[PDB]
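Visitor: with the input below, show me the fold.
(3 chains, ligands or ions: 18)
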Amino acid sequence: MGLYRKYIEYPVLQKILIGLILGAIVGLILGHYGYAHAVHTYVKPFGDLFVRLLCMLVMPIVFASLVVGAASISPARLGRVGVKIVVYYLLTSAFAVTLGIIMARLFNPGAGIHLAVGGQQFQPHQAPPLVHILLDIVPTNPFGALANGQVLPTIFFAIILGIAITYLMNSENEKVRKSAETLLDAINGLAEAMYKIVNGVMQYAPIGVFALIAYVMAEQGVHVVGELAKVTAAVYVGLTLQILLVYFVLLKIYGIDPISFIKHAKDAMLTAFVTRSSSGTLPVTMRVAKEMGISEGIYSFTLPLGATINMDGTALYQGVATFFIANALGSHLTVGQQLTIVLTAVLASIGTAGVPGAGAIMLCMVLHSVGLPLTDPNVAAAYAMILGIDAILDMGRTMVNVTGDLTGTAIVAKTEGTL
Amino acid sequence: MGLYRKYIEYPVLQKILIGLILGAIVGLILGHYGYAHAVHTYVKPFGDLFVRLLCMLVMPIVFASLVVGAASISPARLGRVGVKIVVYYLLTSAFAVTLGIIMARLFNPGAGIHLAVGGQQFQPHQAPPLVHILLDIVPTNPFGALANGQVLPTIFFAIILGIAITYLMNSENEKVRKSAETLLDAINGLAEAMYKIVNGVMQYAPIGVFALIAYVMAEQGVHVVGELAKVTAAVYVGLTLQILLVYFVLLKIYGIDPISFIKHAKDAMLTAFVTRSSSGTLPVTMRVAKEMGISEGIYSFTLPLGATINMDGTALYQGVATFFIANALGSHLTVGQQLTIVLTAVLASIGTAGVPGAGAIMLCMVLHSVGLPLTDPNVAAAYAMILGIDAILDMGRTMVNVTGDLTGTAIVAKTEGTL
Amino acid sequence: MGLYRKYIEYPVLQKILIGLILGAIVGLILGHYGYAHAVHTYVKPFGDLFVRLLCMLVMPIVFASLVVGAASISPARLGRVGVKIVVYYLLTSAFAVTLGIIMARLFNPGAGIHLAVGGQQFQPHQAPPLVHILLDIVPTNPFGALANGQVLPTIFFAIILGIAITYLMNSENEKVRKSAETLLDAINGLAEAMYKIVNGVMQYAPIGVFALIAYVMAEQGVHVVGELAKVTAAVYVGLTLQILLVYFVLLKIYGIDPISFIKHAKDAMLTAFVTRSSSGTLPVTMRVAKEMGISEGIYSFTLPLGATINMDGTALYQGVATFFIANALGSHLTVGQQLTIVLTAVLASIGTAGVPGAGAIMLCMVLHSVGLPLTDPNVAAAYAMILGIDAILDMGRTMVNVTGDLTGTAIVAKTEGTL
Ligand SMILES: CCCCCCCC/C=C/CCCCCCCC(=O)O[C@H](COC(=O)CCCCCCCCCCCCCCC)COP(=O)(O)OCCN
Ligand SMILES: CCCCCCCC/C=C/CCCCCCCC(=O)O[C@H](COC(=O)CCCCCCCCCCCCCCC)COP(=O)(O)OCCN
Ligand SMILES: CCCCCCCC/C=C/CCCCCCCC(=O)O[C@H](COC(=O)CCCCCCCCCCCCCCC)COP(=O)(O)OCCN
Ligand SMILES: N[C@@H](CC(=O)O)C(=O)O
Ligand SMILES: N[C@@H](CC(=O)O)C(=O)O
Ligand SMILES: N[C@@H](CC(=O)O)C(=O)O
Ligand SMILES: [Hg+2]
Ligand SMILES: [Hg+2]
Ligand SMILES: [Hg+2]
Ligand code: NA
Ligand code: NA
Ligand code: NA
Ligand code: NA
Ligand code: NA
Ligand code: NA
Ligand code: NA
Ligand code: NA
Ligand code: NA
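Guide: Residues are numbered from 1 along each chain as shown, chains lettered A, B, ... in the order given. Ligands and ions are numbered 1, 2, ... in the order given. Take a look:
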């Protein structure tokens, strides 16, 4: 048990990258020599276990993180600064997923990965009428929506349960207040326990990434490298345009100098790049906000709220990844299930943890809400090749996630300081 | 967002009544001119959303309110006064639902509303033998009974869980006692959060009542007014006979003067009529009980327990409404599923909240336990016309609910004061 | 209600034994005279209710007791003594279920009870491949695994949830620590409430044992006495060999004298025999460990942990009972579903309560994890005759359960005292 401690205390990012490179080389070598069935028999279950462990964690996170998230965005406890930062956060997340859809429309990520995983194509499901679609957001049974997949009734019930808990917590009864407090504390404990299971699965993640993309290279060939490079280029160009366009325009409007802002926020942005965590970058972010002249009463509230709510990079990555997974199956996302991406990726970026590798878990919610279930072997085959390169996108994802919080704190402090 | 605050702070009862009258006039006018399909296309989803929001709240209330209700009726914490008021409360609720069945037998509410909502009638389900019916009260899986509809296993598991929690809370172990305390507090927090969601849905309720009974008048015609007047007459004659017969006989037996009792309890009865809430009428009820000479050690315990347990008017309304919904489909309730109404409406009146509009939610439990599921379009069509006039019956419902508590406090204080 | 208090305060073991003897005599007498259908109509539902009440309690116990059990075996809070006693406990439970399989292989319990309960035999289910079997331990939805039967995903999710809770409880955040504390306290409250429901069902248990084995004797005949005597002999010879072989060899290795150990532990072993409870024998066990010279810092930690984790007799009884139930249906347990017994009976002995009659509830988990569901009428008929004689096996079961704790405390104190 010495080698186990040698394996655990190694850096996780350098473990996943040398799992990825070794998986690519071993998969291409074994696929050139005709051993594409040996990898499917022996190596592929170790990646199937990784995909299964990531898909286990979806529904408790979607319930509990959205309960404790709507408990902080609730209008019963939201002041005057809080309404401004909530409006900023939701509008920037919606523009992030819109820019991700645009950048996944300019590039064509996945067109060329025509998937016939059992000899069959992917048949899209027929949609109900819009009245029945809007009426099935309200469940007839919330326990039945939790026991089945049904993420869209679960989101609605979680949001209204959190808002009702916050309306309970400022009651005039002591028993009612204590009961609402311990219910919210139990749901928050479940939400933190699932994040610990995410942190535990991300230690197994190098072997899973190896076993996934070795089979991807041996089965699907060599052009998947050139097709995943298009996804990486689309995500990084989308994040660069997100930062430049959105944050530089919103800082030039409110009189902030963006160049000095970036030169002040560099120490938080590089830490969010190399650590891939917004929760571990929060002391550096608060120190950077202290060094920018922002008063303590602003960034002592806007930054810990923004570390779990405002994730622009996760919403952009989920838009680009949903378009990639839909293009790999040959489907064409119609208008109407393309606005569902805009709503559901904002809700997923709210529900995302803030630990390394948590956006690929909430991508399953956006895939389920459109009509691409991961029980289908074609969707589960297209999800593996976007799960394999998640550690490359997670760094820029977390960097833009932290930069959005710093931009919102600067803008709202500039608006508040006029008095 | 000024008009939203104009809409919210308006009185809710005067909102629902002017939604109801406008819905009746607009539905009759648009149904006379042949526009019965335009209302079904455009107005009816706004009432379907209201029925769906009320049917969402059934199973968490049925679980949690019955857990925290059986935690207060439990024989591990019930003293000598408590056994007497529990016996009084259960016997008066059983006589209330029996009198509701009698008053819905004398009048014929719903005979004339022959429903053919899809060209088909309502086919009653074939019952199993009585041994299997009694054996399916105990579930093989309580989570499976919660995930499906299955209200009768859920009631049994909730009652025995509350009794086991109360037997845990007087243990000799500190850890066991603290764990039982926080489990009961979390379940009570869920039970209060669902009541807050009820209070939130009852603000949308004017638009829902409008959209429901406009389609009811346009589709089914003009004689539905004369058929709902029979239901209103049956409910109010049943409540008058409940008060007069049951409470005046039980007060004449125990030496109380009923005329002076009514003249003392008028200030609580009128408040329960106009506010439609037993929880908001509790300070007035305790003040009225203080003005009747009742000692503090009696009404400080019997009245807050009676505000959530003893609901005679809700049980009578649920009996009359179940007979109306069964008569509207053409079915005839056999003996055996007519005693199931007597048991299940008592359990529903225990599980009812005490907020305005909470008996129509627990009517779904009595409808499910008989064999009338609300997934059937005929039952969902017959439930809408009894949901539309709920604010007319809720006032007398709450009045009799408060009068039963005051009668029980007077009777048990008269029995205790002989020592 | 005087006769109810006469019935309750009677000793439960002497109630179950005189229910058993009367059931055997009445069943044989009524089966000799051809009245085997009258007992099936009138007496058999009172035993079906007992089996249903015991099968209700399976899934909440399997979830909550394993969460709070893995929260105590967790490596985040396990010291140096704790690793040694955990290794001892798990290895002794595995050897206990292995010895139970051996003793149920030497004897042939159930061969001669060929069951054709509806004219049909028992058809064994076809197993999936080993990769899919190992991959279905991780659920795609934990709420879906709880709502269905699915005990093997529930065990995995419960264990990792408990380990994540213990990794949360030593965090640096106050809110996270308090939330993990109240979540673990709520789950522990549920786990204690289900044990109170077990203690309540075991008061009805004499009538259930009567109604079960009266129908067993009237239906299946007189040779079932000779076939249950083989199960009793196999269990008691297995427990004697468990004590003698395992504990006397493990005490002779570490320099302890086993004869003086038994002469010191007699006062705890007889109390565990006659009371059938490891939780009620814990003060006597700690007093016996104090009288053996063991230091307070060892037995103040190893014995309350061993009272809920180390159950060798329950694992041996579950191995012998699973082989008996498989032999009664005519099936032959293959290798692979015979190692599943070794894993699952260890997990069931961890999850067992420590109250009288709790191993027959967790036997359902071992039956479900092999491929013998209790919804099948043949398995439900073979489970009743092993449920009828549970009070005979429970005494020696609890005796070996307490003796294992005392042996582990002595061995680990001898290992620690060398410093
Ligand atoms: C070749 C092997 C292939 C088969 C291996 C199958 C492994 C199945 C995977 C199971 C993942 C389940 C994760 C458990 C979740 C609960 C644990 C947990 O929450 O604690 C977490 C503990 O994390 C873990 O270490 C869990 C272990 C995950 C698997 C690690 C081993 C990989 C597989 C074995 C290969 C290496 C073995 C040694 C060989 C060199 C918290 O960790 P943290 O981020 O460092 O936080 C610091 C604490 N203050
Ligand atoms: C024409 C519009 C048709 C489409 C409208 C669809 C609306 C969908 C309905 C959603 C109902 C969901 C209710 C959320 C439950 C959680 C909220 C909650 O618990 O707090 C409750 C807040 O209640 C609410 O206001 C929730 C809002 C419900 C809908 C109100 C608006 C009706 C629809 C819009 C029409 C009016 C808009 C303005 C036009 C004049 C507590 O309220 P309280 O009783 O006053 O307690 C006092 C606090 N101390
Ligand atoms: C001939 C009768 C056949 C039909 C009878 C059907 C009975 C259905 C069985 C229901 C069992 C449900 C158990 C409720 C679980 C919750 C109660 C609970 O947790 O408290 C437990 C209370 O236990 C009970 O007494 C529950 C009653 C169980 C049934 C007892 C009556 C047997 C059936 C009636 C026959 C005897 C009636 C009188 C005739 C002589 C704790 O008891 P403890 O072990 O003494 O602990 C001491 C407290 N510090
Ligand atoms: N790693 C990201 C979350 C994600 O997108 O998965 C963050 O901490 O911000
Ligand atoms: N409004 C009633 C409850 C109901 O019958 O819905 C009360 O408070 O008493
Ligand atoms: N009665 C046993 C548990 C069991 O095997 O059922 C004990 O307390 O140890
Ligand atoms: Hg996933
Ligand atoms: Hg309803
Ligand atoms: Hg059982
Ligand atoms: Na944003
Ligand atoms: Na987030
Ligand atoms: Na952020
Ligand atoms: Na009553
Ligand atoms: Na009530
Ligand atoms: Na009342
Ligand atoms: Na053991
Ligand atoms: Na145990
Ligand atoms: Na033990």
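Visitor: from now on I want contacts and neighbour counts done on CA atoms only, so please keep to that.
Guide: Fine.
Visitor: for ligand 8, give me its nearest residue in the stretch 101-250 of chain A.
Guide: For the stretch 101-250 of chain A and ligand 8, the shortest gap (C-alpha to the ion) falls at residue A:140, measuring 9.5 Å.
Visitor: excluding residues flanking it in the chain, which one is nearest that residue?
Guide: Nearest residue to residue A:140 in three dimensions, chain neighbours excluded: residue B:56, at 4.6 Å (C-alpha to C-alpha, 6 or more residues apart in numbering or on different chains).
Visitor: I figured the one you found hits residue A:144, correct?
Guide: No. Using C-alpha atoms under 8 Å as the test, residue B:56 is too far from residue A:144 to be in contact (10.5 Å).
Visitor: compare the two (neighbour count), which wins?
Guide: Ranked by neighbour count (other C-alpha atoms under 10 Å in any protein chain shown), residue B:56 and residue A:144 place residue A:144 first, with 24 against 19.
Visitor: give me the secondary structure label for the more buried one.
Guide: helix (DSSP: H, G, I helix; E, B strand; the rest coil).
Visitor: what's the nearest residue to it if we skip its chain neighbours?
Guide: Residue A:144's closest residue in space is residue B:147 (C-alpha to C-alpha, 6+ apart), at 4.4 Å.
Visitor: how near is the one you found to residue A:271?
Guide: 45 Å (C-alpha to C-alpha, to the nearest Å).
Visitor: with residue A:353 instead?
Guide: Distance from residue A:353 to residue A:271, by C-alpha to C-alpha: 18 Å.
Visitor: compare those two (neighbour count), which wins?
Guide: residue A:353 (27 against 21).
Visitor: so how far is residue B:141 from that one?
Guide: Counting by C-alpha to C-alpha - residue A:353 and residue B:141 are separated by 32 Å.
Visitor: check whether the helix or strand containing residue A:207 contacts ligand 11.
Guide: Using DSSP states H and E, residue A:207 sits within helix A:174-220. No. Between helix A:174-220 and ligand 11, judged by C-alpha under 5 Å from the ion, nothing touches; the nearest distance is 11.8 Å.
Visitor: coming back round to it: show the contacting residues for the residue of the stretch 101-250 of chain A closest to ligand 8.
Guide: Counting by C-alpha atoms under 8 Å, 6 or more residues apart in numbering or on different chains, residue A:140 touches B:52-53, B:55-56.
Visitor: which ChimeraX command selects the buried ones in the residues you listed?
Guide: Applying 16 or more other C-alpha atoms under 10 Å in any protein chain shown to the contacts of residue A:140, the buried members can be selected in ChimeraX as follows:
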select /B:52,53,55,56
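Visitor: distance to ligand 12 and secondary structure for the contacts of residue A:140 - can I get that in CSV?
Guide: CSV is the format used below for those (distance: C-alpha to the ion, whole Å; DSSP: H, G, I helix; E, B strand; the rest coil):
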residue, distance to ligand 12, secondary structure
B:52, 36, helix
B:53, 34, helix
B:55, 37, helix
B:56, 34, helix
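Visitor: so which of the contacts of residue A:140 is the closest to ligand 17?
Guide: Looking across the contacts of residue A:140 and measuring by C-alpha to the ion, the closest to ligand 17 is residue B:56, at 38.9 Å.
Visitor: and the end-to-end length of stretch A:218-225?
Guide: 12 Å.
Visitor: please list the residues outside it that contact it.
Guide: A:27-32, A:35-36, A:39, A:113, A:216-217.
Visitor: now whatever residue of the stretch 201-350 of chain A ends up closest to ligand 6: closest residue in space, sequence neighbours ignored.
Guide: Closest contact between the stretch 201-350 of chain A and ligand 6, by C-alpha to the nearest ligand atom, is at residue A:201 (34.9 Å). Excluding its sequence neighbours, the residue lying closest to residue A:201 (C-alpha to C-alpha, 6+ apart) is residue A:53, at 7.1 Å.
Visitor: cool, residue A:39 as well?
Guide: residue A:215 (6.1 Å).
Visitor: residues contacting that neighbour?
Guide: Contacts for residue A:215 (C-alpha under 8 Å, 6+ apart) come out as A:27, A:36, A:39-40, A:43-44.
Visitor: just residue A:109 next, same as before
Guide: Contacts of residue A:109 (C-alpha under 8 Å, 6+ apart): A:227-228, A:230-231, A:234, A:323-324, A:327-328.
Visitor: with respect to ligand 5, which of the residues you listed is nearest?
Guide: Using C-alpha to the nearest ligand atom, these come closest to ligand 5 at residue A:323, 48.5 Å.
Visitor: of all residues in the stretch 301-419 of chain A, which one is closest to ligand 6?
Guide: Relative to ligand 6, the nearest point of the stretch 301-419 of chain A is residue A:375 (39.8 Å; C-alpha to the nearest ligand atom).
Visitor: give the burial count for that residue, as a bare number.
Guide: 10.
Visitor: what of the one 4 residues further on?
Guide: Residue A:379 has 20 neighbours, counted by other C-alpha under 10 Å.
Visitor: repeat for residue A:240
Guide: Count around residue A:240 with other C-alpha under 10 Å applied: 14.
Visitor: then residue A:179?
Guide: Counted with other C-alpha under 10 Å, residue A:179 comes out at 26.
Visitor: can you list the contacts of residue A:109 in a markdown table and add distance to ligand 11, secondary structure and neighbour count?
Guide: A markdown table is the format used below for those (distance: C-alpha to the ion, whole Å; DSSP: H, G, I helix; E, B strand; the rest coil; neighbours: other C-alpha atoms under 10 Å in any protein chain shown):
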| residue | distance to ligand 11 | secondary structure | neighbour count |
| --- | --- | --- | --- |
| A:227 | 28 | helix | 19 |
| A:228 | 25 | helix | 18 |
| A:230 | 26 | helix | 18 |
| A:231 | 22 | helix | 25 |
| A:234 | 22 | helix | 26 |
| A:323 | 21 | helix | 26 |
| A:324 | 22 | helix | 27 |
| A:327 | 26 | helix | 22 |
| A:328 | 27 | helix | 24 |
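Visitor: which members of the residues you listed are the farthest-apart pair?
Guide: A:234 and A:328 (15.2 Å; C-alpha to C-alpha).
Visitor: ok, the residue of the stretch 151-300 of chain A found nearest ligand 2 - contacts?
Guide: The stretch 151-300 of chain A approaches ligand 2 most closely through residue A:164 (4.1 Å), counting by C-alpha to the nearest ligand atom. Residues in contact with residue A:164 (C-alpha under 8 Å, 6+ apart) are B:193-194, B:196-197.
Visitor: on that earlier part again, from residue B:104, how far out is the residue nearest to residue A:39?
Guide: According to C-alpha to C-alpha, residue A:215 and residue B:104 sit 70 Å apart.
Visitor: in chain A, what residue comes closest to ligand 10?
Guide: residue A:93 (3.2 Å).
Visitor: next secondary structure after the helix or strand where that residue lies?
Guide: Residue A:93 belongs to helix A:81-106 when assigned by DSSP H and E. Later in the chain than helix A:81-106, the nearest helix or strand by DSSP H and E is helix A:130-135.
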